[PDB]
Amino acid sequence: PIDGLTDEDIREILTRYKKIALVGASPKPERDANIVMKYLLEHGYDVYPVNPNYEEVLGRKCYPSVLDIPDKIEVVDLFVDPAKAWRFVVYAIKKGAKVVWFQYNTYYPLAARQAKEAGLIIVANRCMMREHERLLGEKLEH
């Protein structure tokens, strides 16, 4: 992890916030963004795809910006190149999100600091799916 949170904090984020805006969503089954999104949807999360390059992902309308999402968003999960993250962070702030989650290889210091300064929590170099499995684990077969 790049962030300085504890496993307890991560656990809290995953347990308390169910409204997710997944930036960089993709329809390709083999893409990490698609896998994580499906996993979250299968685990009671309300996931809103965000990508200007696509019009819908996993049977959900996909927006160009998180601001275009009608409903409340608590977590903005990033699947974007680091140099592009600032944009989504500014939008996350405007949207009133609570957390900005930088998936692997998406972290960009300046963007993270801006979010932090605005009051948002930063999760970095972690995977929402991997953390869910690690922290809110369940037996693989019952």
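Don't overthink the numbering: it's just position in the shown sequence, from 1.
- Message: Which is higher on mean Cα B factor in this entry, 98-106 or 61-69?
- Response: Stretch with the greater average CA B-factor: 61-69.
- Between 9-17 and 130-138 (mean CA B-factor, as deposited), the higher: Averaging CA B-factors over each stretch, the winner is 130-138.
- Message: Maximum C-alpha temperature factor per the entry, among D81, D77, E42, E55, belongs to which one?
- Response: Checking the PDB record, the top C-alpha B-factor among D81, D77, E42, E55 is at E55.
- Message: Per the entry's values, where does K38 land by CA temperature factor relative to the rest of its chain, in the lowest, middle or highest third?
- Response: Lowest third.
- Third of chain Cα B-factors occupied by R113: For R113, whose C-alpha B-factor we compare with every modelled residue in the chain, the answer is the lowest third.
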